[PDB]
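Structural overview
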Amino acid sequence: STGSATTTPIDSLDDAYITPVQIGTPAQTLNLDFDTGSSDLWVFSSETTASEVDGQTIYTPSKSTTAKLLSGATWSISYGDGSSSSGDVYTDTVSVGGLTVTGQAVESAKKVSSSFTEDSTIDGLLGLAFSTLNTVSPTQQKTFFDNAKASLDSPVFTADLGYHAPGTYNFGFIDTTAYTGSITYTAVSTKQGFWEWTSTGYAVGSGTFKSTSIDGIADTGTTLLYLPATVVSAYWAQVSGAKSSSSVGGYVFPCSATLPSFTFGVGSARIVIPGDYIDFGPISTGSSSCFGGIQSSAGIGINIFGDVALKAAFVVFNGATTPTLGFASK
Ligand SMILES: NCc1ccc(-c2ccco2)nc1
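Let us look at the structure shown here.

Analysis parameters
- Along each chain, numbering proceeds from 1 in written sequence order. Entry numbering may differ, and residues lacking coordinates are not shown.
- Side-chain measures were taken over the full set of non-hydrogen atoms in the model, leaving aside hydrogen atoms and water.
- Residues with missing side-chain atoms are left out of burial classes, side-chain pairs and their counts.
- With a 1 Å grid laid over protein atoms only, a set of points is called a cavity when a 1.4 Å probe fits there but cannot get out and a pocket when it is open yet has protein on both sides within 12 Å along at least five of seven lines; lining residues have an atom within 4 Å of a point.
- Grid points are joined across faces, edges and corners, and a volume is the space filled by probe spheres set on the points.
- Each residue is assigned to one of three groups, with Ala, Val, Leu, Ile, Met, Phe, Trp, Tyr, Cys and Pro labelled nonpolar, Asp, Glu, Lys and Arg labelled charged, and all others, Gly among them, labelled polar.
- An automatic or database domain assignment is the source of the domain bounds shown.
- Helix and strand assignments follow DSSP, with helices taken as H or I runs no shorter than four residues and strands as E runs no shorter than two, numbered in order from the N terminus.
- Note on exposure labels: buried denotes an accessible area under 20% of the residue type's maximum, exposed denotes more than 50%, and partly exposed covers the range between, all computed with a 1.4 Å probe on protein chains only.
- Neighbouring residues are identified by heavy atoms, a residue being near a molecule or strand if any of them is within 4 Å of it.
- Counted as a polar contact is a pair of N or O atoms within 3.5 Å, where, for protein atoms, one must be capable of donating a hydrogen and the other of accepting one, and residues adjacent in sequence contribute only when both atoms are in side chains.
- Here the Shrake-Rupley method, with its probe set to 1.4 Å, supplies the accessible areas, and only the displayed protein chains count as covering residues.
- Being paired, for any two strands, means DSSP has found at least two bridges between them.
- In this description, a line fitted to the C-alpha atoms serves as the axis of each element, helices being fitted only across the stretch in contact, and the angle between N-to-C directions of two axes falls anywhere from 0 to 180 degrees.

Approximately 1,100 Å³ is the volume found for the largest pocket. What lines the largest pocket is a set of 35 residues, among which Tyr 79, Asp 81, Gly 221, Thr 222 and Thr 223 lie closest to the centre. Here the residues of the lining of the largest pocket are counted per class, giving 18 nonpolar, 10 polar and seven charged. Two domains each donate at least three residues to the lining of the largest pocket, and these are domain 1 (5-174) and domain 2 (175-330).

Encoded structure:
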């Protein structure tokens, strides 16, 4: 089997991407944030505290003839950005782009933090990291990908995120028309439950490539590119007037600037992030100070190749017995 679904930016900044997902019988379609940095499929639901729902589409398990309460199971997750959610668990039929998994754990939110409530466009998350990170207790549950894997034509999924445009998540096949050149594969460590890999270095603009190992995670659920402070300083030093603002919470730059590109290495290959991808717009409405898309990971404990990086590439999440990542230009 295979599946193929379009993923759409939630706003004009590509702050996140939503992908329609069919849950239950008859289908209830929710727009989920596919997150290769976590491993829970959770949804706003008829069980979510009413005051914490503001415009989201909800899953109502009582209206699904295939929903079953997973007795005794609860979940609770906190994300790196400080947001969180928790609740109970159903199993139900879940389909993405024509690929169907029966008996998928669908984690129904009883509580969500304010940032989820405040984002009407995201109806939940679909985790695509390794199932070892799944938070369901007392019996940990598998991700959609892990459940689907054996049925897929090839045990892979691909992320092809658009810049200011829709893109595609494919399951079970590699669309050889979706990228240019070749896909360079690189080793993955699953020890922390992430798609963790080591970039071979970077360049800023037309500058020389610096060969240096940068260990980080491929995370579709993180907006920005978080890298070591040395790398980030080298980037922003090329932008007149850019500075790190403690009050704003990162590097800002004059909105009048034209940003340089940023290149990262994948083995001997190079992925170029155009400068425009690094502009996250005014820090507040009407400001001429703009927020940068490359930020320091210093306070995080891990480097994160988020959407800013991934959307410059066609990315293969190879879930073979020994997982690997592939990157191609596009
Ligand atoms: N990096 C995981 C992740 C994904 C989405 C969100 C999110 C959406 C709306 C508010 O917060 N937060 C964290």
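Next comes the rest of the account.
Secondary-structure assignment places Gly 267 in the loop between β17 (262-266) and β18 (269-273). For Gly 267, a relative accessible area of 29% puts it in the partly exposed group.

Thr 25 connects to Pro 26 through a cis peptide bond whose omega is -10°. The topology assignment puts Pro 26 in the loop between β2 (17-23) and β3 (28-35). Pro 138 follows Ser 137 through a cis peptide bond whose omega is 5°. Inspection of the secondary structure assignment puts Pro 138 in the loop between β8 (124-127) and α2 (144-149). Positive phi outside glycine occurs at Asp 14, with the angle close to 60°.

With that out of the way, let us pick up the site of the ligand. In the vicinity of the ligand, the residues found are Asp 33, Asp 35, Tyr 79, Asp 81, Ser 83, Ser 115, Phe 116, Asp 119, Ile 122, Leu 125, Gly 221 and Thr 222. Contact between the ligand and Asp 81: a nitrogen atom at 2.9 Å from a side-chain N or O atom of the residue. Between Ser 83 and the ligand, the recorded distance is 3.4 Å, taken from a side-chain N or O atom to a nitrogen atom. Burial of the ligand by the protein amounts to 86% of the accessible area it has alone, namely 340 Å².

With that settled, the discussion passes to the sheet that holds strand β19 (residues 279-282). Reading across from one edge, β15-β16-β20-β19 is the order of the four strands in this open sheet, with antiparallel pairing throughout. Among the strands making up the open sheet, the edge pair consists of β15 (243-245) and β19. Taking each pair of neighbouring strands and ignoring which way they run, the sheet shows an average axis angle of 40°. Bridge count for strand β16 (residues 250-254) against strand β20 (residues 289-292) is three bridges, and the pairing is antiparallel. Each bridged residue has a counterpart across the sheet, and for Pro 254 the counterpart in β20 is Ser 289.

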